[PDB]
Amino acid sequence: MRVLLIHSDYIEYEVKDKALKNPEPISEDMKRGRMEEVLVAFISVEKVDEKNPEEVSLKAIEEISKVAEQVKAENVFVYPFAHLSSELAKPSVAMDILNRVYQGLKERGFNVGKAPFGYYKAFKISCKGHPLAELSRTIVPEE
């Protein structure tokens, strides 16, 4: 799994066209959303993660939170992102890992937001541009 953590003044999106045959069904409220003083996490679930989803989700949860501490971010937004990896994971496994992380983040006490999986979204992001405001992580299962 490949993560891109960007501490933003805000993140905002809008669901345009579908990018898959069967994207995550969403209710009206999810068609768009906005989060402020947030740590944005663009995540590319990779094929190797299909071996051990739990270890990879739990591992990513601990690494996202750690950084949410460092930058004193109270809100974390999970952004399903397909362009951080070449070897992407099967759509079904991606959604699953992303939910695991989303949920596991919610139970850590963070206000968590999320962009709907499987769609093309337009979006605005404002990176704070500080020393630790931009990080990248790799979370892969152990053999």
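Residue numbers run from 1 along the displayed sequence. The term rigid core refers to the maximal set of C-alpha atoms that superpose within 1.5 Å between the two forms.
When the other structures are laid on the shown form by the core, the C-alphas of 22 to 30 and 36 to 44 differ in how far they drift in 4 other deposited structures of this protein; the larger average drift belongs to 22 to 30. Stretches 19 to 27 and 129 to 137 differ in mean CA B factor, with 19 to 27 having the higher one.
Relative to one another, 28 to 36 and 107 to 115 have unequal mean CA B-factors, and 28 to 36 is the one with the higher figure. Residue 82 sits in the middle third of its chain by CA B factor, as recorded in the PDB entry. In the PDB entry, a CA B factor belonging to the lowest third of its chain's modelled residues is recorded for residue 99. In the PDB entry, a CA B factor belonging to the lowest third of its chain's modelled residues is recorded for residue 76. In the deposited entry, the Cα temperature factor of residue 61 places it in the lowest third of its chain's modelled residues.
In this PDB entry, the Cα temperature factor of residue 48 sits in the middle third of its chain's modelled residues.
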